[PDB]
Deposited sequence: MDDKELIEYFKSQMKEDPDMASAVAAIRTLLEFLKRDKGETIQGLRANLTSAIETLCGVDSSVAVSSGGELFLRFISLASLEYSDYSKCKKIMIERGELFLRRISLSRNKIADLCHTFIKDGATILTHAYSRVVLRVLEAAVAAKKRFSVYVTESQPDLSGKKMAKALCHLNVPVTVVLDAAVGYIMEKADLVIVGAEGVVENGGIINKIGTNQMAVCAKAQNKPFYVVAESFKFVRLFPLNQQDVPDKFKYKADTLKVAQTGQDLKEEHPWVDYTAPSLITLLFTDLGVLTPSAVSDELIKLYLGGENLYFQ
């Protein structure tokens, strides 16, 4: 049922925080598929399409939608069928579970010794990369935006001081001021779109614009289940459902960064240029 379909999901996220919202949903979809007491290939298919959607309502991050779409895609005689569906699904889950590791290996080599890295907000993938640089005995320092409204940035600084890397938290407003001190920018993303750009915490776009104006490379680190079937041209093309996950106050939770503002993306599919994403997205979705 939905209500403890949701509680399973939320519970899977509450007990492991550093678990991606997507992967949490896949396990909730996997477990749902297991407990499904139906008797029709047909009613199973529907109820899964109802479960994925029910999950997308409670947490409307773009990655739980795209990851959900990809996992259900990968799942392609009810007694028989059901079983191997679960085995394909558990194979798919097994693969996206090494994604963070392969990214760490890939990206951390682009960090020169004595580099000072500028990042935005909290990214579990960025932190795994920087952890891998510490593992590789590389010495570096970090600037991170405090990142209103939830102040994820201090969460990242505190995590980063536990590995004894010098980290300084700056105001969101000070990114233009601090850009000259950085040698490169690394950020994560909630979603990677078809044109090679990204959807990430509000403030990413302006960091990328200030980075291009001082010719500082701008690197993105994201798993391939974040590849989403969208092609934005402006900020209004990002669907409002992923944007909120006479005085007034607008407050979007993420903005969009165009491919022209992005140097490379480091992914479990390999190092990519923004223009190259489209060919890799096709291969990813058809497979």
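Participant: If a residue lacks a C-alpha atom here, it counts as unmodelled; so which stretches of the deposited sequence fall into that category?
Facilitator: Unobserved in coordinates, per deposited numbering: 1, 78-84, 254-264, 307-313.
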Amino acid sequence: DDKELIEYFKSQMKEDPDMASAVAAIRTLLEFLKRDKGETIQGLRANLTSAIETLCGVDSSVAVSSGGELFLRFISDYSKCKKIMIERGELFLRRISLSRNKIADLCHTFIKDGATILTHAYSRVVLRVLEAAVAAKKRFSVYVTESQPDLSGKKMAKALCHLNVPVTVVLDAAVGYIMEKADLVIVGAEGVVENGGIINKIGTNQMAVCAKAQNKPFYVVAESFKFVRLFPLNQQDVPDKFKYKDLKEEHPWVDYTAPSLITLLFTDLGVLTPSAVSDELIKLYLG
From here on, numbers count along this sequence of modelled residues.
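Participant: Please compare 271-279 with 15-23 and name the stretch with the higher mean C-alpha B-factor in the deposited structure.
Facilitator: It is 15-23 that shows the higher mean C-alpha B-factor.
Participant: Once you work out the mean C-alpha B-factor for both 36-44 and 53-61 from the entry, which is higher?
Facilitator: The recorded data point to 36-44.
Participant: Based on the PDB record, which member of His120, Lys82, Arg124, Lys155 exhibits the highest Cα temperature factor?
Facilitator: When the deposited C-alpha B-factors of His120, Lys82, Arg124, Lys155 are compared, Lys82 is largest.
Participant: Looking at the C-alpha B-factor values in the deposited entry, which of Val220, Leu230, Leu247, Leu261 comes out highest?
Facilitator: Across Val220, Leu230, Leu247, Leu261, the entry lists the biggest C-alpha B-factor for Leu247.
Participant: Ranking the modelled residues of this chain by C-alpha B-factor as given in the entry, is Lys102 in the lowest, middle or highest third?
Facilitator: Middle third, going by the recorded CA B-factors of the chain.
Participant: According to the PDB entry, is the CA B factor of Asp172 in the bottom, middle or top third of its chain, that is, lowest, middle or highest?
Facilitator: Middle third of the chain for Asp172's C-alpha B-factor.
Participant: Select lowest, middle or highest to describe the third in which the CA B-factor of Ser76 falls within its chain in this entry.
Facilitator: Ranked within chain, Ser76 CA B lands in the highest tercile.
Participant: Taking the C-alpha B-factors as the PDB entry records them, is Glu190 in the lowest, middle or highest third of its chain?
Facilitator: According to the entry, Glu190 has a C-alpha B-factor in the chain's lowest third.
Participant: What third of the chain does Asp150 rank in for C-alpha temperature factor, lowest, middle or highest?
Facilitator: Middle third, going by the recorded CA B-factors of the chain.
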